Amino acid sequence: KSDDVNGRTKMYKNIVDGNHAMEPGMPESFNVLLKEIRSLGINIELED
Amino acid sequence: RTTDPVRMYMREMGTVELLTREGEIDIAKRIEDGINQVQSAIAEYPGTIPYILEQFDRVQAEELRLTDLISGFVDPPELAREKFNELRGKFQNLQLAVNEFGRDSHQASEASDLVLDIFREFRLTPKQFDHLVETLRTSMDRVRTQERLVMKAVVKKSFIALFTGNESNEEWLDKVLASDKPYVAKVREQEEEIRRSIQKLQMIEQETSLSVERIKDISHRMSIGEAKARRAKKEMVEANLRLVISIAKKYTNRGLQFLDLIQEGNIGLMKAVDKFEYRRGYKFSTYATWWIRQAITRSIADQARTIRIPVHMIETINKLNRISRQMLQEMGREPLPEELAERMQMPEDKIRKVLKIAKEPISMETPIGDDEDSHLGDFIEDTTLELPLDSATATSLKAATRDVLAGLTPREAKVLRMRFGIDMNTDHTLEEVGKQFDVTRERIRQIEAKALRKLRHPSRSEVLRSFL
Amino acid sequence: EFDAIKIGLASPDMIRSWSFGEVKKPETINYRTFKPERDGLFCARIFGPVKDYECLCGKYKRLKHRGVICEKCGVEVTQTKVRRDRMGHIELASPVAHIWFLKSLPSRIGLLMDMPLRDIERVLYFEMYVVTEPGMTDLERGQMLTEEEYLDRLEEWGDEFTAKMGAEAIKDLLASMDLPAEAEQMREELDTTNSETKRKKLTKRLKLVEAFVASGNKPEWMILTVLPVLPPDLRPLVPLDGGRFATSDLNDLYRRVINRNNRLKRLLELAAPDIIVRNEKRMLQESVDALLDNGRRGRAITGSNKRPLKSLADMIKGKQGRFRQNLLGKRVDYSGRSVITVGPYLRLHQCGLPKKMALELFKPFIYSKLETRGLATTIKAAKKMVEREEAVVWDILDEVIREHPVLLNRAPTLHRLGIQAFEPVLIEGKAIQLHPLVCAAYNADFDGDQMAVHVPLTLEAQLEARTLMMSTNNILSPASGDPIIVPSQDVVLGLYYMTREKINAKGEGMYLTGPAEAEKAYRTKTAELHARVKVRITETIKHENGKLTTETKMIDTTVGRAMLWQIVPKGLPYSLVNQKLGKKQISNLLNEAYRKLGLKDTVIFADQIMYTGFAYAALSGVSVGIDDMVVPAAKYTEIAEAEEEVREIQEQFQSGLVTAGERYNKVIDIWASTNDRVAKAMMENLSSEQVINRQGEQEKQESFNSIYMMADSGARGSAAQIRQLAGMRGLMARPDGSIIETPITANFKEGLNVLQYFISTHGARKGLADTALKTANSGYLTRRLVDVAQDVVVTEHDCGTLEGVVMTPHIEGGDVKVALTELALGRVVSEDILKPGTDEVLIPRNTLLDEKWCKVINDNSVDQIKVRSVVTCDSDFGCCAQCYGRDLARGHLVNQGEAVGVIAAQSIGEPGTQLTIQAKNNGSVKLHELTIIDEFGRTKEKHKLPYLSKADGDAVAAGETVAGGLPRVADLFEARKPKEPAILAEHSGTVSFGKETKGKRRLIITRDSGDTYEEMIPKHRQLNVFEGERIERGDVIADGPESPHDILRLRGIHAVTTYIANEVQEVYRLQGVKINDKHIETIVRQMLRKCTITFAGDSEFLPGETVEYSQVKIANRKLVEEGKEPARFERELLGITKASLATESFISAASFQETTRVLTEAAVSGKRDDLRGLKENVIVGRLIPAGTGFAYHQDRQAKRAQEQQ
Ligand SMILES: [Mg+2]
Ligand SMILES: [Zn+2]
Ligand SMILES: [Zn+2]
């Protein structure tokens, strides 16, 4: 509903086609935070 | 005790004494003396004079710029031609007497000394000055690297003892091969490496015809002259930092901080020191102020705006503002574009164009209205985004196009698909569409025409009409 | 996708790996073409194209060339969104120190190099040298040389030594350090050290060094050589309307850095004088520091707004930072907002929604259904029909929202009841219609209030709203368990009026067959609502065991009471309705209906009660008039008497018999007494009336005055407000707080003059300002509590622990304050509740104490019990279901995955706005203190025993003489140390005096083993101890406030838990707020989460180290299983802020506050965030490990282990 650019478009398409289901993704705000912290010369990375 | 860098700069600069007239003349004399030693060191080189002679030969043929050759004459092409002809004749005499009569003979030494005296009455443009310096600098650096590589390969006192005259001579190699000390085994292996090194040596020496002692002494006098010159320039720059600050004080609150203006004025002062002339009799501040002001103004024109405006357009804007101020003072109201254009003797359209570009970008953190927790950046949209309604419409259009094309024979359906790029990466012209069918272009054209005519029938075009 | 977040230092190679190019020019965009400039801050060759699948040339302008780099420009043909991910880098001419690792106290560079911050700054600020390689010289590494001294030792030794200035020197010193060698040397020194300050200094340095070795980071990475550059779209320069451009301050800071770096490179190319180069390097360092953290180093750089530029640290930190403005809280789609009205016709699960507002909210669903039924062929046609507002669109909207729950939220959301789920009903209007009974839940009144609405989209969200968040499920307060949908105002007034009794009313003495005949008589004007009649009532009782007994009998009642009984559900006694019904009576009725019948019956009963109350309040015709305010005739006489004796005592003051202070005190006393007398007279005149009964005599009847009925029913008003209306306003206070001698002897009916109104404003302004500030104080306290308790989730069912806390009735004198039933309601028994004087197990172990067992305990008269508590829980992470007990909002045992910590924090913080020896019983006397115990065995009196009529065990008859809130809660939860704390007995032994050292006194104590322990005490202390007395541990030596840390250290966990709970509950109960103690114990457990190691043992723990208690517990269990010496710990009590900032996860700590320190510590240590709490999963957008996500998270952990096998 806020900042998943692909997720909200997929949700809109799914609602239009009846399937009330979502595929949550990563908020863009967290990516902005990651880029900012890396810009402060600090290595922040998502381990898998 | 303090954290402001400006205060620290004033502290460090204040520990230098302000120069007087006699001190300025003395430091200028030291600069000229060091430059003279550097020029004399360059002149004692077999390759330096030929370059100047060929440059003069090209210039006298009215093929090269006269300014690029020389910039002045030292006095203790009306005149340049005579002096350069004398220099050419004296070079011919030196080449006649350089080695036929003997290098150590009085003729060669007297000829070299008088060549030095003649060349001392010359003021070269710094570009070819630096070129001639760079050639010898590269030669000296290569010689130093080869010597240090040889010393690293062998690894001392023995090399130093036979360094004076036999550093590059094969006598050193022969004698060391004759040596039979316990460590000369690996050293002889390393002597092989020295062979590979010294083979790279003589082609340099025959390029200079100076062996090792002469080039070392030339490098030495060049180093002393450069050091003296650099110390003198540093002294004058340190003395005139206060003048730099006094000049830069007036350009504060114009997009740049005080320290940036100070540094740019320091660069301008360096340039002024680099091209000062004490023979003119004027004080240093007179010449230095122009360069410091130029540096500061250019730096403001280049680094005071987020969207850079060229320097000439900046001057145009400033002169427009000055004329607007004068006209508003004269008539009591804001000048109109037409009147400003009339006064500037410039087209009104150009005046409007200049007036539309004099804006500094607004910050996104500026509080909006009377609030303080709201910012302008929260009211800026993302116009590049695609509305989800548009994407859903695109998907529906894709599905409807597929459904409509499914109501055709495969030939025309695929012809349209390939001619419009539907479900493929690239669009295709008529030739590639024809090639797959093996048919020519015209049949493809009429196939597409038939498909378009059939798809315009309202029996199978009502669903596609709603997208218009 | 990802399971952890790893933080650490950034190497220059890593920064170059991130970057897609090098920014070489400060240019941003051309001033004419508005296109990016090459090698600039917005370069399309480095950061990506500005148009989708295009290049700056325009040669490649379609999708067929995706991934192809244009030869003329170098711009890759791809999407523009890569400009939000692609980074750059700047190759700095000279190294610059990182401001975070230099000036964020403690300075990590200074700690690592064992040099003061001032010396390091002096090296950085280009003032004096530092030696990097001492060589074969007496010079030592890291010692500081002035310029003159440098020249002397340079002329002395020459090239044997190396001495430098700036960040290059710091990086050449940090890189030359041998971390293992320093660690071993400092380990050896700490082994042979004695001083405590030195021990602390080198233990901190050893922790830093070991963290550096373990993390793999290098110290020299703390000095920047390559500076990363943010993506342009995160620092955008976009055009505004009118040709103006909007830019971020990061662009200005980056331009300054690039300009100064280029100037430094040019100066180094010119063989500049040294002074200019040092100045340029200082400017470069200052620019980098301003870009990273503006204002920390010195004067903050300001732009053309005369306001400081915003840096990256400001962008990631603060209330307006990314964490709190965009990660923990967001603006959402499918939302709306409107003013709220009252819908008295709605059901408890229904809310009135405007048609247009629902049309805008539910638009995609309308499109979907408009295509499904074929009304619109494509989505454009559906959009056109929705825009044109056709009738079939309205039918589609009605079908869409039929069973679709909607979320209603009112700001501020103090507790979870502030967001609820309702079924929308389309209404014609623009205002949301809200059920009255939820208003108390929302704290909402219809005076301009606005509410927001949200639409759950997925099926999971809809079922969550229907099952958990629906209003019909949320009828019990999670803070106390009491009903929250209790009627108020008109409903209470109507139920009160209908259930009143009148003397000699029409229809008195009539016999009625039942409630139906009573209603028939009322509608036929035969009998009044308040006529005393006899009614045949069929009444069914549902017993505890489930027996349903129906009894039909004739009861003396009123017509209105039977008509109200007509709506009472079966299973309740008639005694609940056979009385006048105030707010308390209706609350009791609803509570009994919930406890004996369930939820559906309670909901229907509440709806019927609200309907009946509204209807009969309308039919009552109750009105306020000027004749309803009857001022008693005794008020004037009392005022005259008070004024007369004031004159008399003024005459006494002129005679010198008494002082001014005594005169003031007695004037205030008499004015209070006169106010009390006037209030009593007015209340007596207002509460009663004389009527004529059937026999003709005069009978005493309770008054039907409108104001009296409003106050007595509890709908609105109280005795004090009636006193101000019809009696006296009373004494008021000056702005400082002093009470004025002359009070307001006039009420609001007669009217005040100018002076009295001014005096009243004096206090009204104070009240308004106090409310305004206390709101912010309560908000901050609630935020701290939530951040300290957000990790508490019920993870297991039973932890299998035998520990527990003791529970006794709370006694504060000769009467009980709270009963044992109230405290034991909903707790699990720890050890069996044996009958007094008997070995029968009345209540076995592990049984929830509901109302039935509470009644059983009360009947048996059991005094002290033991119950499980969250503080004593053995769960490794979170708590278990049994140690928590009943969940107050549901009525049963707490379920798995319940976020009890957030509930506890909200329950404690919500009432913050409301916040500012003779025996009397017959029994025996027991001494421990003085206790009086009744014959039944209950302790009913507790009194202190200062250092008596009866001895121990002697029976005492009745009458025998044996002989400010909110700050307090804040300091209590923060473990604040009192200014003058009570000196406590550190060890048990005999007290002995010592040398009276100048300044302050010393004392000694002799233990049982003969060891002498010395104590340091101030001079001004009224000692309670005497020499020759063996004082026990925890005995008070000097009286005063007790520090919670001392209580924890010398008494234990139970004592500090009881102390904190008792003080907080005293503060809350002073204001009449009921909050369960398990919430305060869920906060206290979070406080007690750290331990300082006393015995290192063989575990990987160092003495003097503060580590988490759970990790030590698991390590001790593992060591015991391995038969190795376990560790010994001393538990530490931390405040909510320190405990919040001391969490294992750094994401939550950074999101709470002090982002700079948390990030610096995590980066130097190389911490790992496992995403185990609520805040981390909220920030990264994953399911929280509470409630419906719990099982999901559990599944993943299982797979983790199974893969790790
Ligand atoms: Mg309101
Ligand atoms: Zn291109
Ligand atoms: Zn437990």
# chains A, B, ... in the order shown; residues from 1 in each chain; ligands from 1

call {"tool": "residues_near_ligand", "arguments": {"ligand": "ligand 1", "cutoff": "6 Å", "atoms": "only C-alpha atoms and all ligand atoms", "output": "list in words"}}
result
residues 445, 447, 448 and 449 of chain C

call {"tool": "residues_near_ligand", "arguments": {"ligand": "ligand 3", "cutoff": "6 Å", "atoms": "only C-alpha atoms and all ligand atoms", "output": "compact mmCIF listing (two decimals) with N, CA and C atoms, in the first residue's frame"}}
result
# COMPACT_ATOMS: atom_id res chain seq x y z
N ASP C 798 4.19 -24.08 28.23
CA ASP C 798 4.70 -24.23 29.58
C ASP C 798 6.21 -24.37 29.53
N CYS C 799 6.91 -23.58 30.35
CA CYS C 799 8.36 -23.66 30.45
C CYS C 799 8.83 -24.63 31.52
N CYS C 873 9.67 -16.45 34.61
CA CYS C 873 9.56 -17.42 33.52
C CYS C 873 10.94 -17.93 33.10
N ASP C 874 10.98 -19.20 32.71
CA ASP C 874 12.21 -19.86 32.29
C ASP C 874 12.40 -19.85 30.78
N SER C 875 11.47 -19.27 30.02
CA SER C 875 11.57 -19.27 28.57
C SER C 875 12.83 -18.53 28.12
N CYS C 879 8.02 -15.26 26.73
CA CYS C 879 7.44 -15.93 27.88
C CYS C 879 6.53 -17.05 27.40
N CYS C 880 6.04 -17.84 28.35
CA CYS C 880 5.15 -18.95 28.06
C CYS C 880 3.72 -18.60 28.47
N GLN C 882 1.53 -20.23 30.39
CA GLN C 882 1.15 -20.43 31.79
C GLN C 882 1.73 -19.35 32.69
N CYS C 883 2.97 -18.94 32.45
CA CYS C 883 3.59 -17.91 33.28
C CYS C 883 2.95 -16.54 33.08

call {"tool": "residues_near_ligand", "arguments": {"ligand": "ligand 2", "cutoff": "7 Å", "atoms": "only C-alpha atoms and all ligand atoms", "output": "PyMOL selection string"}}
result
chain C and resi 55-60+70-75

call {"tool": "closest_residue", "arguments": {"among": "B:334, B:189, B:174, B:381", "to": "chain C", "atoms": "only C-alpha atoms"}}
result
B:381

call {"tool": "residues_around", "arguments": {"residues": "residue A:34", "least_positions_apart": "3", "cutoff": "8 Å", "atoms": "only C-alpha atoms", "output": "list in words"}}
result
residues 30, 31, 37, 38, 44 and 45 of chain A

call {"tool": "write_last_selection", "arguments": {"atoms": "C-alpha atoms", "output": "compact mmCIF listing (two decimals), in the first residue's frame"}}
result
# COMPACT_ATOMS: atom_id res chain seq x y z
CA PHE A 30 14.67 0.38 3.23
CA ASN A 31 16.66 0.53 -0.01
CA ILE A 37 24.29 4.00 5.19
CA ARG A 38 26.63 2.87 2.42
CA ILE A 44 25.49 -2.72 5.29
CA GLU A 45 24.48 -5.85 3.39

call {"tool": "interface_residues", "arguments": {"of": "chain A", "to": "chain C", "cutoff": "6 Å", "atoms": "only C-alpha atoms", "output": "ChimeraX atom specification"}}
result
/A:1-2,16-17,20-21,39,41-48

call {"tool": "write_last_selection", "arguments": {"atoms": "C-alpha atoms", "output": "short mmCIF file (atom, residue, chain, number, x, y, z; two decimals), in the first residue's frame"}}
result
data_model
loop_
_atom_site.label_atom_id
_atom_site.label_comp_id
_atom_site.auth_asym_id
_atom_site.auth_seq_id
_atom_site.Cartn_x
_atom_site.Cartn_y
_atom_site.Cartn_z
CA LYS A 1 0.00 0.00 0.00
CA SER A 2 2.93 2.41 0.45
CA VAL A 16 -8.97 -6.16 -10.99
CA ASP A 17 -8.85 -9.87 -11.93
CA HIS A 20 -7.29 -10.94 -3.68
CA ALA A 21 -3.71 -12.09 -3.03
CA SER A 39 27.10 6.55 1.52
CA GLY A 41 31.10 4.72 4.41
CA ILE A 42 29.54 1.80 6.32
CA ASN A 43 29.08 -1.60 4.69
CA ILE A 44 25.49 -2.72 5.29
CA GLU A 45 24.48 -5.85 3.39
CA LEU A 46 21.65 -8.38 3.52
CA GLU A 47 23.06 -11.83 4.25
CA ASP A 48 21.35 -14.84 2.69
#

call {"tool": "atom_distance", "arguments": {"atom1": "atom CA of residue C:1060", "atom2": "atom CA of residue C:1135"}}
result
11.9 Å

call {"tool": "closest_atom_pairs", "arguments": {"of": "chain C", "to": "chain B", "cutoff": "7 Å", "atoms": "only C-alpha atoms", "output": "CSV"}}
result
residue,atom,partner,partner_atom,distance
C:27,CA,B:308,CA,6.6
C:28,CA,B:307,CA,6.2
C:29,CA,B:307,CA,5.9
C:30,CA,B:307,CA,6.6
C:31,CA,B:307,CA,5.9
C:64,CA,B:426,CA,5.5
C:244,CA,B:361,CA,6.5
C:245,CA,B:361,CA,4.6
C:246,CA,B:362,CA,4.9
C:247,CA,B:363,CA,5.1
C:248,CA,B:364,CA,5.5
C:249,CA,B:363,CA,6.7
C:273,CA,B:234,CA,5.6
C:279,CA,B:9,CA,7.0
C:298,CA,B:3,CA,6.4
C:377,CA,B:463,CA,6.8
C:379,CA,B:393,CA,6.3
C:380,CA,B:467,CA,6.8
C:381,CA,B:466,CA,6.8

call {"tool": "select_by_dssp", "arguments": {"residues": "chain A", "states": "helix (DSSP H, G or I)", "output": "PyMOL selection string"}}
result
chain A and resi 5-16+28-39

call {"tool": "interface_residues", "arguments": {"of": "chain A", "to": "chain B", "cutoff": "9 Å", "atoms": "only C-alpha atoms", "output": "ChimeraX atom specification"}}
result
/A:8-10,12-13,16

call {"tool": "atom_distance", "arguments": {"atom1": "atom CA of residue C:212", "atom2": "atom CA of residue C:169"}}
result
20.2 Å

call {"tool": "select_by_dssp", "arguments": {"residues": "stretch 541-602 of chain C", "states": "strand (DSSP E)", "output": "VMD selection string"}}
result
chain C and resid 541 to 542 548 to 558

call {"tool": "write_last_selection", "arguments": {"atoms": "N, CA, C and O atoms", "output": "short mmCIF file (atom, residue, chain, number, x, y, z; two decimals), in the first residue's frame"}}
result
data_model
loop_
_atom_site.label_atom_id
_atom_site.label_comp_id
_atom_site.auth_asym_id
_atom_site.auth_seq_id
_atom_site.Cartn_x
_atom_site.Cartn_y
_atom_site.Cartn_z
N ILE C 541 -31.87 -19.25 36.03
CA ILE C 541 -30.49 -19.17 36.50
C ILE C 541 -29.69 -20.26 35.81
O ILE C 541 -30.08 -21.43 35.82
N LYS C 542 -28.57 -19.86 35.20
CA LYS C 542 -27.56 -20.79 34.70
C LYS C 542 -26.45 -20.85 35.74
O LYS C 542 -25.69 -19.89 35.90
N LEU C 548 -29.70 -25.21 34.46
CA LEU C 548 -30.63 -24.15 34.06
C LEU C 548 -31.93 -24.36 34.84
O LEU C 548 -32.72 -25.25 34.52
N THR C 549 -32.14 -23.53 35.85
CA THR C 549 -33.30 -23.62 36.72
C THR C 549 -34.23 -22.44 36.48
O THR C 549 -33.81 -21.29 36.60
N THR C 550 -35.48 -22.72 36.15
CA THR C 550 -36.48 -21.69 35.89
C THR C 550 -37.46 -21.63 37.06
O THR C 550 -38.05 -22.65 37.43
N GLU C 551 -37.61 -20.44 37.63
CA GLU C 551 -38.54 -20.20 38.74
C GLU C 551 -39.45 -19.05 38.37
O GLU C 551 -38.98 -18.00 37.92
N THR C 552 -40.76 -19.24 38.55
CA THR C 552 -41.74 -18.20 38.30
C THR C 552 -42.30 -17.72 39.63
O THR C 552 -42.86 -18.52 40.40
N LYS C 553 -42.15 -16.43 39.91
CA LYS C 553 -42.59 -15.90 41.19
C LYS C 553 -42.99 -14.44 41.04
O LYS C 553 -42.60 -13.77 40.08
N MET C 554 -43.77 -13.96 42.00
CA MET C 554 -44.26 -12.58 41.98
C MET C 554 -43.31 -11.70 42.78
O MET C 554 -43.05 -11.97 43.96
N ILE C 555 -42.81 -10.64 42.14
CA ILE C 555 -41.81 -9.76 42.72
C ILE C 555 -42.36 -8.35 42.76
O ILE C 555 -43.00 -7.90 41.79
N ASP C 556 -42.15 -7.66 43.87
CA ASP C 556 -42.46 -6.24 43.97
C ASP C 556 -41.42 -5.44 43.20
O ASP C 556 -40.22 -5.53 43.49
N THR C 557 -41.86 -4.67 42.21
CA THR C 557 -40.95 -3.94 41.34
C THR C 557 -41.69 -2.73 40.79
O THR C 557 -42.73 -2.32 41.33
N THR C 558 -41.15 -2.13 39.73
CA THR C 558 -41.81 -1.04 39.03
C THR C 558 -42.09 -1.46 37.60
O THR C 558 -41.55 -2.45 37.10
#

call {"tool": "atom_distance", "arguments": {"atom1": "atom CA of residue C:410", "atom2": "atom CA of residue C:346"}}
result
18.9 Å

call {"tool": "residues_around", "arguments": {"residues": "residue B:82", "least_positions_apart": "6", "cutoff": "12 Å", "atoms": "only C-alpha atoms", "output": "JSON, numbers by chain"}}
result
{"B": [56, 60, 88, 89]}

call {"tool": "write_last_selection", "arguments": {"atoms": "N, CA and C atoms", "output": "PDB file, in the first residue's frame"}}
result
ATOM      1  N   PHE B  56      63.242  28.226 -34.817  1.00  0.00           N
ATOM      2  CA  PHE B  56      63.470  29.501 -35.491  1.00  0.00           C
ATOM      3  C   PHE B  56      63.423  29.344 -37.005  1.00  0.00           C
ATOM      4  N   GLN B  60      60.867  31.647 -39.094  1.00  0.00           N
ATOM      5  CA  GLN B  60      61.321  32.625 -40.080  1.00  0.00           C
ATOM      6  C   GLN B  60      60.683  32.387 -41.441  1.00  0.00           C
ATOM      7  N   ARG B  88      72.754  30.740 -34.687  1.00  0.00           N
ATOM      8  CA  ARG B  88      72.988  29.642 -35.620  1.00  0.00           C
ATOM      9  C   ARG B  88      74.449  29.583 -36.050  1.00  0.00           C
ATOM     10  N   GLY B  89      75.037  30.737 -36.371  1.00  0.00           N
ATOM     11  CA  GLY B  89      76.442  30.757 -36.745  1.00  0.00           C
ATOM     12  C   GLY B  89      77.350  30.310 -35.615  1.00  0.00           C
TER      13      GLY B  89
END

call {"tool": "residues_around", "arguments": {"residues": "residue C:963", "least_positions_apart": "6", "cutoff": "9 Å", "atoms": "only C-alpha atoms", "output": "number ranges by chain"}}
result
C: 917-919, 948-949

call {"tool": "write_last_selection", "arguments": {"atoms": "N, CA, C and O atoms", "output": "PDB file, in the first residue's frame"}}
result
ATOM      1  N   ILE C 917      -1.655   3.509  67.325  1.00  0.00           N
ATOM      2  CA  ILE C 917      -2.132   2.372  66.548  1.00  0.00           C
ATOM      3  C   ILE C 917      -3.257   1.662  67.290  1.00  0.00           C
ATOM      4  O   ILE C 917      -3.010   0.847  68.180  1.00  0.00           O
ATOM      5  N   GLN C 918      -4.495   1.974  66.919  1.00  0.00           N
ATOM      6  CA  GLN C 918      -5.678   1.388  67.534  1.00  0.00           C
ATOM      7  C   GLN C 918      -6.290   0.372  66.580  1.00  0.00           C
ATOM      8  O   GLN C 918      -6.535   0.682  65.409  1.00  0.00           O
ATOM      9  N   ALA C 919      -6.530  -0.836  67.081  1.00  0.00           N
ATOM     10  CA  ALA C 919      -7.095  -1.893  66.255  1.00  0.00           C
ATOM     11  C   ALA C 919      -8.532  -1.568  65.868  1.00  0.00           C
ATOM     12  O   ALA C 919      -9.310  -1.050  66.675  1.00  0.00           O
ATOM     13  N   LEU C 948       3.724  -1.819  73.786  1.00  0.00           N
ATOM     14  CA  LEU C 948       2.584  -2.519  73.207  1.00  0.00           C
ATOM     15  C   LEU C 948       1.633  -3.042  74.284  1.00  0.00           C
ATOM     16  O   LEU C 948       2.058  -3.428  75.374  1.00  0.00           O
ATOM     17  N   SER C 949       0.333  -3.027  73.976  1.00  0.00           N
ATOM     18  CA  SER C 949      -0.659  -3.488  74.942  1.00  0.00           C
ATOM     19  C   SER C 949      -0.665  -5.008  75.055  1.00  0.00           C
ATOM     20  O   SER C 949      -0.754  -5.552  76.161  1.00  0.00           O
TER      21      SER C 949
END
